[PDB]
(Lines of atoms letter the chains of each structure in order from A and count residues from 1; the text may use other names and numbers.)
(Lines give C-alpha, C1' and ligand atoms only; values in the text may rest on other atoms or scores of the structure.)
Protein backbone atom coordinates (compact mmCIF):
# COMPACT_ATOMS: atom_id res chain seq x y z
CA UNK A 1 0.00 0.00 0.00
CA UNK A 2 2.56 2.45 -1.01
CA UNK A 3 1.38 4.44 -4.00
CA UNK A 4 1.37 8.20 -3.69
CA UNK A 5 -1.95 9.80 -2.93
CA UNK A 6 -2.86 12.70 -5.24
CA UNK A 7 -5.10 15.44 -3.90
CA UNK A 8 -7.02 17.41 -6.55
CA UNK A 9 -9.41 20.36 -6.35
CA UNK A 10 -9.23 24.12 -6.09
CA UNK A 11 -6.79 25.82 -3.76
CA UNK A 12 -8.27 27.19 -0.49
CA UNK A 13 -10.27 24.04 0.17
CA UNK A 14 -7.97 22.60 2.82
CA UNK A 15 -5.60 20.64 0.60
CA UNK A 16 -2.60 21.63 2.73
CA UNK A 17 -4.15 20.93 6.16
CA UNK A 18 -5.80 17.66 5.00
CA UNK A 19 -2.70 16.60 3.08
CA UNK A 20 -0.29 17.08 6.01
CA UNK A 21 -2.62 15.42 8.46
CA UNK A 22 -3.17 12.50 6.10
CA UNK A 23 0.60 12.21 5.58
CA UNK A 24 1.05 12.15 9.36
CA UNK A 25 -1.46 9.29 9.82
CA UNK A 26 0.19 7.13 7.19
CA UNK A 27 3.87 7.89 7.86
CA UNK A 28 3.98 9.57 4.43
CA UNK A 29 5.71 12.78 3.37
CA UNK A 30 3.59 15.73 2.18
CA UNK A 31 4.57 17.54 -1.01
CA UNK A 32 2.86 20.21 -3.21
CA UNK A 33 3.37 20.64 -6.97
CA UNK A 34 2.73 24.42 -6.73
CA UNK A 35 5.52 24.87 -4.17
CA UNK A 36 7.78 22.67 -6.31
CA UNK A 37 7.03 25.00 -9.21
CA UNK A 38 7.78 28.16 -7.21
CA UNK A 39 11.08 26.57 -6.16
CA UNK A 40 12.20 25.45 -9.61
CA UNK A 41 10.41 27.86 -12.02
CA UNK A 42 10.09 30.95 -9.83
CA UNK A 43 7.36 32.93 -8.17
CA UNK A 44 5.41 34.19 -11.19
CA UNK A 45 3.36 32.78 -14.02
CA UNK A 46 4.34 35.86 -15.98
CA UNK A 47 8.09 34.99 -16.21
CA UNK A 48 7.47 31.40 -17.30
CA UNK A 49 4.82 32.27 -19.93
CA UNK A 50 6.94 35.13 -21.29
CA UNK A 51 9.98 32.84 -21.64
CA UNK A 52 8.35 29.56 -22.64
CA UNK A 53 4.62 30.15 -23.35
CA UNK A 54 1.54 28.38 -21.91
CA UNK A 55 2.78 25.07 -23.33
CA UNK A 56 6.07 25.60 -21.39
CA UNK A 57 4.13 26.49 -18.23
CA UNK A 58 2.06 23.28 -18.61
CA UNK A 59 5.23 21.28 -19.30
CA UNK A 60 6.90 22.51 -16.08
CA UNK A 61 3.70 21.63 -14.19
CA UNK A 62 3.57 18.13 -15.67
CA UNK A 63 7.28 17.65 -14.85
CA UNK A 64 6.69 18.80 -11.32
CA UNK A 65 3.90 16.24 -10.97
CA UNK A 66 6.12 13.43 -12.20
CA UNK A 67 9.08 14.53 -10.11
CA UNK A 68 7.35 14.62 -6.69
CA UNK A 69 5.18 11.50 -7.22
CA UNK A 70 7.25 8.89 -5.38
CA UNK A 71 6.09 6.23 -2.94
CA UNK A 72 4.93 7.16 0.55
CA UNK A 73 3.84 10.66 -0.40
CA UNK A 74 0.60 12.70 -0.23
CA UNK A 75 0.80 15.13 -3.19
CA UNK A 76 -1.16 18.38 -3.30
CA UNK A 77 -1.62 19.65 -6.89
CA UNK A 78 -2.28 23.07 -8.50
CA UNK A 79 -5.94 23.97 -9.14
CA UNK A 80 -5.23 23.68 -12.91
CA UNK A 81 -3.37 20.31 -12.87
CA UNK A 82 -6.45 18.39 -14.10
CA UNK A 83 -6.87 20.63 -17.18
CA UNK A 84 -4.56 18.49 -19.35
CA UNK A 85 -5.51 14.87 -20.04
CA UNK A 86 -1.95 13.63 -19.74
CA UNK A 87 -1.83 14.75 -16.08
CA UNK A 88 -5.16 13.03 -15.30
CA UNK A 89 -3.89 9.86 -16.93
CA UNK A 90 -0.58 10.04 -15.04
CA UNK A 91 -2.34 10.45 -11.69
CA UNK A 92 -4.70 7.52 -12.19
CA UNK A 93 -1.89 5.29 -13.39
CA UNK A 94 0.56 6.05 -10.53
CA UNK A 95 -1.59 6.30 -7.40
CA UNK A 96 -4.86 7.10 -5.66
CA UNK A 97 -6.72 10.37 -6.47
CA UNK A 98 -8.88 12.24 -3.90
CA UNK A 99 -10.97 15.17 -5.01
CA UNK A 100 -11.57 17.75 -2.32
CA UNK A 101 -14.91 19.00 -3.61
CA UNK A 102 -16.37 22.49 -3.21
CA UNK A 103 -19.34 23.45 -5.38
CA UNK A 104 -18.60 25.78 -8.30
CA UNK A 105 -21.18 28.19 -6.81
CA UNK A 106 -19.16 28.40 -3.59
CA UNK A 107 -15.93 29.02 -5.49
CA UNK A 108 -17.64 31.84 -7.36
CA UNK A 109 -18.85 33.33 -4.05
CA UNK A 110 -15.24 33.13 -2.77
CA UNK A 111 -13.99 35.10 -5.79
CA UNK A 112 -16.71 37.74 -5.24
CA UNK A 113 -15.84 37.99 -1.53
CA UNK A 114 -12.21 38.65 -2.37
CA UNK A 115 -12.95 41.22 -5.13
CA UNK A 116 -16.26 43.14 -4.70
CA UNK A 117 -17.84 44.64 -1.52
CA UNK A 118 -21.32 43.31 -2.26
CA UNK A 119 -23.47 42.42 -5.23
CA UNK A 120 -26.02 44.98 -6.46
CA UNK A 121 -27.42 43.74 -9.77
CA UNK A 122 -25.84 45.53 -12.78
CA UNK A 123 -26.47 45.12 -16.51
CA UNK A 124 -23.16 43.33 -17.09
CA UNK A 125 -23.01 41.43 -13.76
CA UNK A 126 -24.87 38.23 -14.56
CA UNK A 127 -23.33 37.60 -18.00
CA UNK A 128 -19.80 37.91 -16.59
CA UNK A 129 -20.78 35.82 -13.58
CA UNK A 130 -22.24 33.27 -15.95
CA UNK A 131 -19.02 33.00 -17.93
CA UNK A 132 -17.00 32.48 -14.74
CA UNK A 133 -19.43 29.76 -13.60
CA UNK A 134 -19.20 27.95 -16.95
CA UNK A 135 -15.38 27.84 -16.65
CA UNK A 136 -15.66 26.67 -13.03
CA UNK A 137 -18.11 23.91 -14.07
CA UNK A 138 -15.91 22.73 -16.94
CA UNK A 139 -13.01 22.30 -14.46
CA UNK A 140 -15.30 20.63 -11.92
CA UNK A 141 -16.18 17.98 -14.53
CA UNK A 142 -12.43 17.19 -14.90
CA UNK A 143 -11.88 17.02 -11.11
CA UNK A 144 -14.71 14.45 -11.02
CA UNK A 145 -13.36 12.51 -14.01
CA UNK A 146 -9.92 11.97 -12.51
CA UNK A 147 -10.95 11.17 -8.95
CA UNK A 148 -11.10 7.72 -7.41
CA UNK A 149 -12.63 9.26 -4.29
CA UNK A 150 -14.61 12.47 -3.67
CA UNK A 151 -14.88 14.13 -0.22
CA UNK A 152 -16.88 17.25 0.77
CA UNK A 153 -14.17 19.82 1.35
CA UNK A 154 -16.63 22.37 2.70
CA UNK A 155 -16.23 20.35 5.91
CA UNK A 156 -13.46 21.15 8.37
CA UNK A 157 -10.17 19.38 7.69
CA UNK A 158 -10.40 16.89 10.58
CA UNK A 159 -13.77 15.59 9.36
CA UNK A 160 -12.30 15.14 5.87
CA UNK A 161 -9.29 13.09 6.97
CA UNK A 162 -11.48 10.82 9.05
CA UNK A 163 -13.90 10.25 6.15
CA UNK A 164 -10.97 9.60 3.82
CA UNK A 165 -9.45 7.10 6.26
CA UNK A 166 -12.84 5.30 6.22
CA UNK A 167 -13.60 5.90 2.52
CA UNK A 168 -10.12 4.62 1.39
CA UNK A 169 -9.93 2.10 4.20
CA UNK A 170 -7.19 3.01 6.68
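Positions refer to the first chain, counted from 1.
If you average the C-alpha B-factors over 118 to 126 and over 32 to 40, the higher value belongs to 118 to 126.
Stretches compared: 131 to 139, 42 to 50. Higher mean C-alpha B-factor in the entry: 131 to 139. Between the residues 159, 10, 153, 146, it is 159 that shows the highest Cα B-factor in the PDB record. Per-chain ranking of the deposited C-alpha B factor places residue 95 in the middle third. In this PDB entry, the Cα temperature factor of residue 77 sits in the bottom third of its chain's modelled residues, the lowest group.
Per-chain ranking of the deposited C-alpha B factor places residue 102 in the middle third. Annotation for residue 26: C-alpha temperature factor in the highest third relative to the rest of the modelled chain, per the entry.
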